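Working notes for the structure below.
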Amino acid sequence: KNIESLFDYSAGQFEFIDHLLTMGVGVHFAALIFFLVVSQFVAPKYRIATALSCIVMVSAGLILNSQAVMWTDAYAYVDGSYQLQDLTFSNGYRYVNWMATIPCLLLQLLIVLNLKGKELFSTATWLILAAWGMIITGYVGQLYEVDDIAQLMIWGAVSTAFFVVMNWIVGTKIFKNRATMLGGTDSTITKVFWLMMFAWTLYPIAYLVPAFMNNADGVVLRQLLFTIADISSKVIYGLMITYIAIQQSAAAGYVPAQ
Ligand SMILES: *C\C=C(C)/C=C/C=C(C)/C=C/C1=C(C)CCCC1(C)C
Ligand SMILES: CCCCCCCC/C=C\CCCCCCCC(=O)O
Ligand SMILES: CCCCCCCC/C=C\CCCCCCCC(=O)O
Ligand SMILES: CCCCCCCC/C=C\CCCCCCCC(=O)O
Ligand SMILES: [Cl-]
């Protein structure tokens, strides 16, 4: 059902896909430590933002590690190529970590934006529902990336309607609330939004690889696209978020941050 099941892979394609997944594990658990240590230097207000970054690091690192073992459990090097043995690998388990990390990524954005009370719970409910609708409709489409490519596009179309609306809600809250942020972070948050528009858009590109590159090098490209998009949406993003949390904690008079 996923194009990965359709192809044999050379030794170089297979251990490259393997090396991308194990490397992502190391990067995510290496940033987990960093997000853990620096949390003390964040005021109680924004401290949850760094904990969320710790959550997504482990959430992603566990799925990447799981994708790696499954990758090496499903294929066997036979007669000069790694051939599918049993059916254990699938991208579907990437969509199940998005359901969890995306709300965490989104929640820590509203926290640094200094939203609170009725607006925090309200804005968070519409963003998560929009996200979940985006991920769910996207999961239904990739189920046909091999069988029905027409269903892939229309489900990706419905998923894009949610993606666009979600971005519009994030962008609107960003520009209407940055004047409240401290330490000059009103300039930094804008760039994070642009970083967001960039890293998040790589996923639909990877989602469409089966449509314009249906072969073994397309599977390699998709993982590469995932890896690049996955470090920028979670690691770099979480790094930009922590800096803002620290900076505002200093401007607000929190010594450990100062
Ligand atoms: C790991 C972090 C994130 C933010 C994953 C994000 C995924 C998307 C933004 C996926 C979007 C899709 C769209 C817009 C339409 C095609 C199907 C996708 C689910 C890949
Ligand atoms: C203070 C140092 C912090 C260390 C950060 C790096 C942590 C990485 C931990 C282990 C990475 C390897 C796990 C993946 C196992 C191989 C996957 C496989 O091919 O089956
Ligand atoms: C059912 C899913 C949609 C519901 C919306 C979720 C609302 C998220 C609200 C907060 C989650 C956990 C606490 C984080 C807020 C910190 C408050 C603070 O530090 O001032
Ligand atoms: C327990 C909460 C889990 C997430 C579900 C709630 C989020 C609702 C989001 C939008 C509804 C879109 C559902 C459409 C699914 C159609 C695909 C199908 O059923 O075949
Ligand atoms: Cl990912």
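Letters A, B, ... mark the chains of the structure tokens in the order given; residue numbers begin at 1 per chain; ligand numbers begin at 1, in order shown.
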- Would you mind listing what lies within 12 Å of residue A:6 as a PyMOL selection string, with only C-alpha atoms counted and same-chain residues fewer than 4 positions away left out? chain A and resi 1-2+75+82-85+87+89-90+145-147+210+214-216+218-219
Would you mind exporting the chosen residues as a PDB file, in the first residue's frame, restricted to N, CA, C and O atoms?
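What ended up in result36.pdb:
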ATOM      1  N   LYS A   1       0.825  -1.204   0.000  1.00  0.00           N
ATOM      2  CA  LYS A   1       0.000   0.000   0.000  1.00  0.00           C
ATOM      3  C   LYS A   1       0.863   1.259   0.000  1.00  0.00           C
ATOM      4  O   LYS A   1       0.458   2.298  -0.521  1.00  0.00           O
ATOM      5  N   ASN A   2       2.050   1.164   0.592  1.00  0.00           N
ATOM      6  CA  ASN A   2       3.049   2.220   0.520  1.00  0.00           C
ATOM      7  C   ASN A   2       4.135   1.813  -0.465  1.00  0.00           C
ATOM      8  O   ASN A   2       4.561   0.654  -0.493  1.00  0.00           O
ATOM      9  N   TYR A  75      13.431  -6.110   5.498  1.00  0.00           N
ATOM     10  CA  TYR A  75      14.213  -6.325   4.291  1.00  0.00           C
ATOM     11  C   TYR A  75      15.436  -7.184   4.585  1.00  0.00           C
ATOM     12  O   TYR A  75      15.996  -7.145   5.685  1.00  0.00           O
ATOM     13  N   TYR A  82      18.581  -5.613  -1.177  1.00  0.00           N
ATOM     14  CA  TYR A  82      17.696  -5.784  -0.031  1.00  0.00           C
ATOM     15  C   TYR A  82      16.263  -5.938  -0.525  1.00  0.00           C
ATOM     16  O   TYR A  82      15.701  -5.007  -1.112  1.00  0.00           O
ATOM     17  N   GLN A  83      15.673  -7.106  -0.287  1.00  0.00           N
ATOM     18  CA  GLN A  83      14.334  -7.423  -0.759  1.00  0.00           C
ATOM     19  C   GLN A  83      13.377  -7.540   0.419  1.00  0.00           C
ATOM     20  O   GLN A  83      13.753  -8.015   1.496  1.00  0.00           O
ATOM     21  N   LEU A  84      12.138  -7.103   0.204  1.00  0.00           N
ATOM     22  CA  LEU A  84      11.122  -7.177   1.244  1.00  0.00           C
ATOM     23  C   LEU A  84      10.925  -8.620   1.694  1.00  0.00           C
ATOM     24  O   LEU A  84      10.778  -9.527   0.870  1.00  0.00           O
ATOM     25  N   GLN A  85      10.926  -8.828   3.011  1.00  0.00           N
ATOM     26  CA  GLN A  85      10.696 -10.151   3.578  1.00  0.00           C
ATOM     27  C   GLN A  85       9.285 -10.225   4.148  1.00  0.00           C
ATOM     28  O   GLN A  85       8.403 -10.854   3.555  1.00  0.00           O
ATOM     29  N   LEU A  87       6.040  -7.713   6.000  1.00  0.00           N
ATOM     30  CA  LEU A  87       5.468  -6.374   5.876  1.00  0.00           C
ATOM     31  C   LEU A  87       5.364  -5.773   7.274  1.00  0.00           C
ATOM     32  O   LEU A  87       4.373  -5.958   7.982  1.00  0.00           O
ATOM     33  N   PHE A  89       7.060  -2.343   7.718  1.00  0.00           N
ATOM     34  CA  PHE A  89       7.367  -0.929   7.560  1.00  0.00           C
ATOM     35  C   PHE A  89       6.202  -0.196   6.906  1.00  0.00           C
ATOM     36  O   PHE A  89       5.515  -0.744   6.040  1.00  0.00           O
ATOM     37  N   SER A  90       5.986   1.048   7.329  1.00  0.00           N
ATOM     38  CA  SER A  90       4.988   1.914   6.717  1.00  0.00           C
ATOM     39  C   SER A  90       5.197   3.331   7.226  1.00  0.00           C
ATOM     40  O   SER A  90       5.716   3.538   8.327  1.00  0.00           O
ATOM     41  N   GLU A 145      -1.606   5.797  -1.952  1.00  0.00           N
ATOM     42  CA  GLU A 145      -0.494   6.298  -2.752  1.00  0.00           C
ATOM     43  C   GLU A 145       0.002   5.263  -3.754  1.00  0.00           C
ATOM     44  O   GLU A 145       0.642   5.633  -4.745  1.00  0.00           O
ATOM     45  N   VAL A 146      -0.277   3.984  -3.525  1.00  0.00           N
ATOM     46  CA  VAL A 146       0.042   2.926  -4.477  1.00  0.00           C
ATOM     47  C   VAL A 146      -1.158   2.583  -5.348  1.00  0.00           C
ATOM     48  O   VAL A 146      -1.063   2.568  -6.575  1.00  0.00           O
ATOM     49  N   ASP A 147      -2.303   2.309  -4.723  1.00  0.00           N
ATOM     50  CA  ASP A 147      -3.489   1.881  -5.451  1.00  0.00           C
ATOM     51  C   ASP A 147      -4.076   3.024  -6.269  1.00  0.00           C
ATOM     52  O   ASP A 147      -3.926   3.060  -7.494  1.00  0.00           O
ATOM     53  N   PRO A 210       5.240   9.879  -4.305  1.00  0.00           N
ATOM     54  CA  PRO A 210       4.698   8.748  -5.068  1.00  0.00           C
ATOM     55  C   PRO A 210       4.060   9.159  -6.392  1.00  0.00           C
ATOM     56  O   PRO A 210       3.921   8.325  -7.285  1.00  0.00           O
ATOM     57  N   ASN A 214       7.913   7.804  -8.607  1.00  0.00           N
ATOM     58  CA  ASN A 214       7.498   6.481  -8.144  1.00  0.00           C
ATOM     59  C   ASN A 214       8.599   5.489  -8.505  1.00  0.00           C
ATOM     60  O   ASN A 214       8.601   4.903  -9.592  1.00  0.00           O
ATOM     61  N   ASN A 215       9.537   5.303  -7.584  1.00  0.00           N
ATOM     62  CA  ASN A 215      10.666   4.391  -7.792  1.00  0.00           C
ATOM     63  C   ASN A 215      11.471   4.313  -6.496  1.00  0.00           C
ATOM     64  O   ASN A 215      11.021   4.763  -5.442  1.00  0.00           O
ATOM     65  N   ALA A 216      12.677   3.733  -6.571  1.00  0.00           N
ATOM     66  CA  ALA A 216      13.482   3.563  -5.364  1.00  0.00           C
ATOM     67  C   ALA A 216      14.178   4.853  -4.948  1.00  0.00           C
ATOM     68  O   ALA A 216      14.401   5.068  -3.752  1.00  0.00           O
ATOM     69  N   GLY A 218      12.812   7.782  -5.332  1.00  0.00           N
ATOM     70  CA  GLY A 218      11.780   8.609  -4.729  1.00  0.00           C
ATOM     71  C   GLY A 218      11.566   8.273  -3.267  1.00  0.00           C
ATOM     72  O   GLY A 218      11.328   9.160  -2.441  1.00  0.00           O
ATOM     73  N   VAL A 219      11.652   6.987  -2.924  1.00  0.00           N
ATOM     74  CA  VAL A 219      11.584   6.583  -1.525  1.00  0.00           C
ATOM     75  C   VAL A 219      12.747   7.183  -0.747  1.00  0.00           C
ATOM     76  O   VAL A 219      12.585   7.641   0.391  1.00  0.00           O
TER      77      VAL A 219
END
- Message: I need the strand (DSSP E or B) residues of stretch 2-207 of chain A per DSSP on the backbone, written as a list in words.
- Response: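 Matching residues, listed in order: residues 9, 75, 76, 77, 82, 83 and 84 of chain A.
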Against ligand 1, which residues of chain A fall within 7 Å? For each one I want the closest pair of atoms and the distance in Å (one decimal), counting only C-alpha atoms and all ligand atoms, rows by chain and increasing residue number, as a Markdown table.
| residue | atom | partner | partner_atom_place_in_ligand_line | distance |
| --- | --- | --- | --- | --- |
| A:98 | CA | ligand 1 | 5 (C) | 5.2 |
| A:101 | CA | ligand 1 | 1 (C) | 6.2 |
| A:102 | CA | ligand 1 | 4 (C) | 5.0 |
| A:134 | CA | ligand 1 | 19 (C) | 5.9 |
| A:135 | CA | ligand 1 | 19 (C) | 4.7 |
| A:138 | CA | ligand 1 | 19 (C) | 4.0 |
| A:139 | CA | ligand 1 | 19 (C) | 6.5 |
| A:156 | CA | ligand 1 | 16 (C) | 4.2 |
| A:157 | CA | ligand 1 | 15 (C) | 6.5 |
| A:159 | CA | ligand 1 | 15 (C) | 4.6 |
| A:160 | CA | ligand 1 | 14 (C) | 4.4 |
| A:163 | CA | ligand 1 | 14 (C) | 5.1 |
| A:200 | CA | ligand 1 | 9 (C) | 4.5 |
| A:201 | CA | ligand 1 | 9 (C) | 6.0 |
| A:203 | CA | ligand 1 | 20 (C) | 4.5 |
| A:204 | CA | ligand 1 | 20 (C) | 4.0 |
| A:206 | CA | ligand 1 | 20 (C) | 6.9 |
| A:207 | CA | ligand 1 | 20 (C) | 4.9 |
| A:230 | CA | ligand 1 | 1 (C) | 5.4 |
| A:233 | CA | ligand 1 | 2 (C) | 5.4 |
| A:234 | CA | ligand 1 | 1 (C) | 6.2 |
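Here the question is which of A:54, A:196, A:48, A:63 gets nearest to ligand 3 using only C-alpha atoms and all ligand atoms, and that residue is A:48.
A distance cut-off of 8 Å from ligand 3, applied to only C-alpha atoms and all ligand atoms, picks out the residues residues 44, 45, 46, 47, 48, 107, 111, 116, 117, 120, 121, 122, 123, 124, 125, 126, 128 and 129 of chain A.
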Please write out the residues within 12 Å of ligand 2 as a PDB file with N, CA and C atoms, in the first residue's frame, counting only C-alpha atoms and all ligand atoms.
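Here's the written file selection_31.pdb:
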ATOM      1  N   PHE A  14      19.650   1.416   0.823  1.00  0.00           N
ATOM      2  CA  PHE A  14      19.016   0.885   2.025  1.00  0.00           C
ATOM      3  C   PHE A  14      19.701   1.368   3.298  1.00  0.00           C
ATOM      4  N   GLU A  15      21.033   1.370   3.332  1.00  0.00           N
ATOM      5  CA  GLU A  15      21.720   1.857   4.522  1.00  0.00           C
ATOM      6  C   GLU A  15      21.771   3.378   4.574  1.00  0.00           C
ATOM      7  N   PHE A  16      21.514   4.059   3.454  1.00  0.00           N
ATOM      8  CA  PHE A  16      21.329   5.506   3.500  1.00  0.00           C
ATOM      9  C   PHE A  16      20.003   5.854   4.164  1.00  0.00           C
ATOM     10  N   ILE A  17      18.922   5.189   3.751  1.00  0.00           N
ATOM     11  CA  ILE A  17      17.648   5.337   4.449  1.00  0.00           C
ATOM     12  C   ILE A  17      17.799   4.919   5.905  1.00  0.00           C
ATOM     13  N   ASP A  18      18.601   3.885   6.158  1.00  0.00           N
ATOM     14  CA  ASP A  18      18.862   3.474   7.533  1.00  0.00           C
ATOM     15  C   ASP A  18      19.656   4.537   8.280  1.00  0.00           C
ATOM     16  N   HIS A  19      20.649   5.137   7.618  1.00  0.00           N
ATOM     17  CA  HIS A  19      21.481   6.136   8.279  1.00  0.00           C
ATOM     18  C   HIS A  19      20.718   7.431   8.530  1.00  0.00           C
ATOM     19  N   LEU A  20      19.734   7.753   7.688  1.00  0.00           N
ATOM     20  CA  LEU A  20      18.914   8.932   7.947  1.00  0.00           C
ATOM     21  C   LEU A  20      18.076   8.752   9.207  1.00  0.00           C
ATOM     22  N   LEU A  21      17.538   7.549   9.420  1.00  0.00           N
ATOM     23  CA  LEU A  21      16.640   7.329  10.550  1.00  0.00           C
ATOM     24  C   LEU A  21      17.405   7.278  11.868  1.00  0.00           C
ATOM     25  N   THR A  22      18.555   6.602  11.892  1.00  0.00           N
ATOM     26  CA  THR A  22      19.335   6.528  13.124  1.00  0.00           C
ATOM     27  C   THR A  22      19.930   7.883  13.482  1.00  0.00           C
ATOM     28  N   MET A  23      20.338   8.656  12.473  1.00  0.00           N
ATOM     29  CA  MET A  23      20.881   9.984  12.732  1.00  0.00           C
ATOM     30  C   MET A  23      19.817  10.902  13.316  1.00  0.00           C
ATOM     31  N   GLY A  24      18.597  10.845  12.778  1.00  0.00           N
ATOM     32  CA  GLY A  24      17.509  11.613  13.357  1.00  0.00           C
ATOM     33  C   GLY A  24      17.272  11.273  14.816  1.00  0.00           C
ATOM     34  N   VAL A  25      17.399   9.992  15.167  1.00  0.00           N
ATOM     35  CA  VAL A  25      17.276   9.593  16.567  1.00  0.00           C
ATOM     36  C   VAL A  25      18.305  10.329  17.415  1.00  0.00           C
ATOM     37  N   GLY A  26      19.577  10.255  17.018  1.00  0.00           N
ATOM     38  CA  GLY A  26      20.624  10.886  17.803  1.00  0.00           C
ATOM     39  C   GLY A  26      20.426  12.383  17.953  1.00  0.00           C
ATOM     40  N   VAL A  27      20.060  13.059  16.862  1.00  0.00           N
ATOM     41  CA  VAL A  27      19.865  14.504  16.920  1.00  0.00           C
ATOM     42  C   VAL A  27      18.728  14.853  17.872  1.00  0.00           C
ATOM     43  N   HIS A  28      17.662  14.050  17.868  1.00  0.00           N
ATOM     44  CA  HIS A  28      16.490  14.379  18.671  1.00  0.00           C
ATOM     45  C   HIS A  28      16.727  14.110  20.151  1.00  0.00           C
ATOM     46  N   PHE A  29      17.427  13.024  20.482  1.00  0.00           N
ATOM     47  CA  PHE A  29      17.765  12.755  21.874  1.00  0.00           C
ATOM     48  C   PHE A  29      18.950  13.579  22.355  1.00  0.00           C
ATOM     49  N   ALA A  30      19.749  14.128  21.438  1.00  0.00           N
ATOM     50  CA  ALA A  30      20.793  15.063  21.834  1.00  0.00           C
ATOM     51  C   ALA A  30      20.217  16.436  22.152  1.00  0.00           C
ATOM     52  N   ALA A  31      19.170  16.849  21.435  1.00  0.00           N
ATOM     53  CA  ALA A  31      18.481  18.087  21.771  1.00  0.00           C
ATOM     54  C   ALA A  31      17.585  17.915  22.991  1.00  0.00           C
ATOM     55  N   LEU A  32      17.081  16.700  23.223  1.00  0.00           N
ATOM     56  CA  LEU A  32      16.313  16.430  24.434  1.00  0.00           C
ATOM     57  C   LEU A  32      17.102  16.832  25.673  1.00  0.00           C
ATOM     58  N   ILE A  33      18.370  16.422  25.740  1.00  0.00           N
ATOM     59  CA  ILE A  33      19.218  16.822  26.858  1.00  0.00           C
ATOM     60  C   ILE A  33      19.295  18.342  26.936  1.00  0.00           C
ATOM     61  N   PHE A  34      19.585  18.991  25.806  1.00  0.00           N
ATOM     62  CA  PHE A  34      19.707  20.445  25.799  1.00  0.00           C
ATOM     63  C   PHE A  34      18.423  21.111  26.285  1.00  0.00           C
ATOM     64  N   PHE A  35      17.273  20.681  25.761  1.00  0.00           N
ATOM     65  CA  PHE A  35      16.014  21.255  26.222  1.00  0.00           C
ATOM     66  C   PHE A  35      15.799  20.990  27.706  1.00  0.00           C
ATOM     67  N   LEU A  36      16.303  19.862  28.206  1.00  0.00           N
ATOM     68  CA  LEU A  36      16.140  19.535  29.618  1.00  0.00           C
ATOM     69  C   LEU A  36      16.980  20.455  30.498  1.00  0.00           C
ATOM     70  N   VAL A  37      18.251  20.654  30.142  1.00  0.00           N
ATOM     71  CA  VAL A  37      19.153  21.398  31.018  1.00  0.00           C
ATOM     72  C   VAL A  37      18.727  22.858  31.115  1.00  0.00           C
ATOM     73  N   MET A  57      10.752  15.984  21.170  1.00  0.00           N
ATOM     74  CA  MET A  57      12.025  15.323  20.895  1.00  0.00           C
ATOM     75  C   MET A  57      11.920  13.822  21.142  1.00  0.00           C
ATOM     76  N   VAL A  58      11.326  13.435  22.272  1.00  0.00           N
ATOM     77  CA  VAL A  58      11.190  12.020  22.601  1.00  0.00           C
ATOM     78  C   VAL A  58      10.107  11.375  21.749  1.00  0.00           C
ATOM     79  N   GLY A  61      11.854  10.942  18.396  1.00  0.00           N
ATOM     80  CA  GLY A  61      12.965  10.012  18.486  1.00  0.00           C
ATOM     81  C   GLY A  61      12.527   8.572  18.659  1.00  0.00           C
ATOM     82  N   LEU A  62      11.377   8.353  19.302  1.00  0.00           N
ATOM     83  CA  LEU A  62      10.876   6.994  19.476  1.00  0.00           C
ATOM     84  C   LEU A  62      10.300   6.435  18.181  1.00  0.00           C
ATOM     85  N   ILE A  63       9.672   7.281  17.366  1.00  0.00           N
ATOM     86  CA  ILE A  63       9.107   6.814  16.104  1.00  0.00           C
ATOM     87  C   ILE A  63      10.210   6.607  15.075  1.00  0.00           C
ATOM     88  N   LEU A  64      11.178   7.525  15.026  1.00  0.00           N
ATOM     89  CA  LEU A  64      12.317   7.354  14.131  1.00  0.00           C
ATOM     90  C   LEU A  64      13.063   6.065  14.449  1.00  0.00           C
ATOM     91  N   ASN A  65      13.386   5.854  15.726  1.00  0.00           N
ATOM     92  CA  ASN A  65      14.020   4.605  16.132  1.00  0.00           C
ATOM     93  C   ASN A  65      13.160   3.407  15.751  1.00  0.00           C
ATOM     94  N   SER A  66      11.838   3.539  15.885  1.00  0.00           N
ATOM     95  CA  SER A  66      10.945   2.443  15.524  1.00  0.00           C
ATOM     96  C   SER A  66      10.926   2.223  14.017  1.00  0.00           C
ATOM     97  N   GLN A  67      10.957   3.306  13.237  1.00  0.00           N
ATOM     98  CA  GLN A  67      11.042   3.168  11.788  1.00  0.00           C
ATOM     99  C   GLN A  67      12.339   2.485  11.372  1.00  0.00           C
ATOM    100  N   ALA A  68      13.419   2.703  12.125  1.00  0.00           N
ATOM    101  CA  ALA A  68      14.706   2.117  11.767  1.00  0.00           C
ATOM    102  C   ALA A  68      14.697   0.605  11.964  1.00  0.00           C
ATOM    103  N   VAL A  69      14.314   0.145  13.157  1.00  0.00           N
ATOM    104  CA  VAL A  69      14.300  -1.291  13.425  1.00  0.00           C
ATOM    105  C   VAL A  69      13.369  -2.002  12.450  1.00  0.00           C
ATOM    106  N   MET A  70      12.152  -1.475  12.282  1.00  0.00           N
ATOM    107  CA  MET A  70      11.231  -2.055  11.309  1.00  0.00           C
ATOM    108  C   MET A  70      11.854  -2.087   9.921  1.00  0.00           C
ATOM    109  N   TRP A  71      12.575  -1.027   9.553  1.00  0.00           N
ATOM    110  CA  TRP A  71      13.236  -0.991   8.253  1.00  0.00           C
ATOM    111  C   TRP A  71      14.204  -2.156   8.097  1.00  0.00           C
ATOM    112  N   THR A  72      14.963  -2.467   9.149  1.00  0.00           N
ATOM    113  CA  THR A  72      15.943  -3.545   9.096  1.00  0.00           C
ATOM    114  C   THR A  72      15.340  -4.916   9.372  1.00  0.00           C
ATOM    115  N   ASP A  73      14.074  -4.966   9.770  1.00  0.00           N
ATOM    116  CA  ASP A  73      13.377  -6.232  10.081  1.00  0.00           C
ATOM    117  C   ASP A  73      12.600  -6.676   8.857  1.00  0.00           C
ATOM    118  N   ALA A  74      12.232  -5.751   7.975  1.00  0.00           N
ATOM    119  CA  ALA A  74      11.376  -6.058   6.838  1.00  0.00           C
ATOM    120  C   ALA A  74      12.144  -6.435   5.579  1.00  0.00           C
ATOM    121  N   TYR A  75      13.431  -6.110   5.498  1.00  0.00           N
ATOM    122  CA  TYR A  75      14.213  -6.325   4.291  1.00  0.00           C
ATOM    123  C   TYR A  75      15.436  -7.184   4.585  1.00  0.00           C
TER     124      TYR A  75
END
- Pick out the residues no farther than 8 Å from ligand 4, counting only C-alpha atoms and all ligand atoms, and list them as a PyMOL selection string. chain A and resi 129-134+136-137+140
Selection to disk with N, CA and C atoms, as a PDB file, in the first residue's frame:
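So the final result, stored in part-v5.pdb, reads:
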ATOM      1  N   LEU A 129      -7.798  21.026  16.322  1.00  0.00           N
ATOM      2  CA  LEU A 129      -8.827  20.428  15.476  1.00  0.00           C
ATOM      3  C   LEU A 129      -8.488  20.598  14.000  1.00  0.00           C
ATOM      4  N   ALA A 130      -8.006  21.781  13.615  1.00  0.00           N
ATOM      5  CA  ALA A 130      -7.572  21.979  12.237  1.00  0.00           C
ATOM      6  C   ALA A 130      -6.389  21.078  11.904  1.00  0.00           C
ATOM      7  N   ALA A 131      -5.429  20.967  12.824  1.00  0.00           N
ATOM      8  CA  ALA A 131      -4.285  20.092  12.599  1.00  0.00           C
ATOM      9  C   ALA A 131      -4.726  18.639  12.468  1.00  0.00           C
ATOM     10  N   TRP A 132      -5.511  18.154  13.433  1.00  0.00           N
ATOM     11  CA  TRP A 132      -5.942  16.761  13.401  1.00  0.00           C
ATOM     12  C   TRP A 132      -6.713  16.450  12.125  1.00  0.00           C
ATOM     13  N   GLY A 133      -7.582  17.364  11.691  1.00  0.00           N
ATOM     14  CA  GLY A 133      -8.245  17.180  10.413  1.00  0.00           C
ATOM     15  C   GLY A 133      -7.270  17.141   9.256  1.00  0.00           C
ATOM     16  N   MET A 134      -6.184  17.909   9.350  1.00  0.00           N
ATOM     17  CA  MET A 134      -5.164  17.891   8.308  1.00  0.00           C
ATOM     18  C   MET A 134      -4.413  16.565   8.294  1.00  0.00           C
ATOM     19  N   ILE A 136      -5.376  13.600   9.672  1.00  0.00           N
ATOM     20  CA  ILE A 136      -6.249  12.457   9.433  1.00  0.00           C
ATOM     21  C   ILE A 136      -6.587  12.347   7.952  1.00  0.00           C
ATOM     22  N   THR A 137      -7.028  13.450   7.342  1.00  0.00           N
ATOM     23  CA  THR A 137      -7.309  13.424   5.911  1.00  0.00           C
ATOM     24  C   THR A 137      -6.056  13.098   5.108  1.00  0.00           C
ATOM     25  N   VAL A 140      -5.545   9.246   5.325  1.00  0.00           N
ATOM     26  CA  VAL A 140      -6.440   8.501   4.447  1.00  0.00           C
ATOM     27  C   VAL A 140      -5.927   8.529   3.013  1.00  0.00           C
TER      28      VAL A 140
END
- Report as JSON, numbers by chain: the residues of stretch 58-225 of chain A with a DSSP assignment of helix (DSSP H, G or I), based on the backbone of this structure. {"A": [58, 59, 60, 61, 62, 63, 64, 65, 66, 67, 68, 69, 70, 71, 72, 73, 74, 92, 93, 94, 95, 96, 97, 98, 99, 100, 101, 102, 103, 104, 105, 106, 107, 108, 109, 110, 111, 112, 118, 119, 120, 121, 122, 123, 124, 125, 126, 127, 128, 129, 130, 131, 132, 133, 134, 135, 136, 137, 138, 139, 140, 141, 142, 149, 150, 151, 152, 153, 154, 155, 156, 157, 158, 159, 160, 161, 162, 163, 164, 165, 166, 167, 168, 169, 170, 171, 172, 173, 174, 175, 176, 177, 178, 179, 180, 185, 186, 187, 188, 189, 190, 191, 192, 193, 194, 195, 196, 197, 198, 199, 200, 201, 202, 203, 204, 205, 206, 207, 209, 210, 211, 212, 216, 217, 218, 219, 220, 221, 222, 223, 224, 225]}
With a cut-off of 7 Å, could you pull out the residues of chain A touching ligand 5 and give me the nearest pair of atoms for each, distance in Å to one decimal, using only C-alpha atoms and all ligand atoms, ordered by chain and ascending number, as a Markdown table?
| residue | atom | partner | partner_atom_place_in_ligand_line | distance |
| --- | --- | --- | --- | --- |
| A:60 | CA | ligand 5 | 1 (Cl) | 6.8 |
| A:94 | CA | ligand 5 | 1 (Cl) | 5.9 |
| A:226 | CA | ligand 5 | 1 (Cl) | 5.6 |
| A:227 | CA | ligand 5 | 1 (Cl) | 6.8 |
| A:230 | CA | ligand 5 | 1 (Cl) | 4.6 |
- residue A:181 surroundings by only C-alpha atoms, 9 Å radius, close-in-sequence under 3 positions cut, as a list in words: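 Here the qualifying residues turn out to be residues 112, 113, 114, 177, 178, 184, 185, 186, 189 and 248 of chain A.
Of the residues listed (A:251, A:236, A:199, A:96), A:251 shows the shortest atom-to-atom separation from residue A:182; distances use only C-alpha atoms.
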- Message: Let me make sure I understand: among A:13, A:39, A:108, A:151, which one has the smallest atom-to-atom distance to residue A:241 if we use only C-alpha atoms?
- Response: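 The shortest atom-to-atom distance to residue A:241 comes from A:108.
Minimum atom-to-atom distances from A:38, A:127, A:49, A:244 to residue A:167 were compared using only C-alpha atoms, and the lowest value belongs to A:127.
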- Task: Work out how far apart atom CA of residue A:105 and atom CA of residue A:162 are and give it in Å to one decimal.
- Result: 16.6 Å
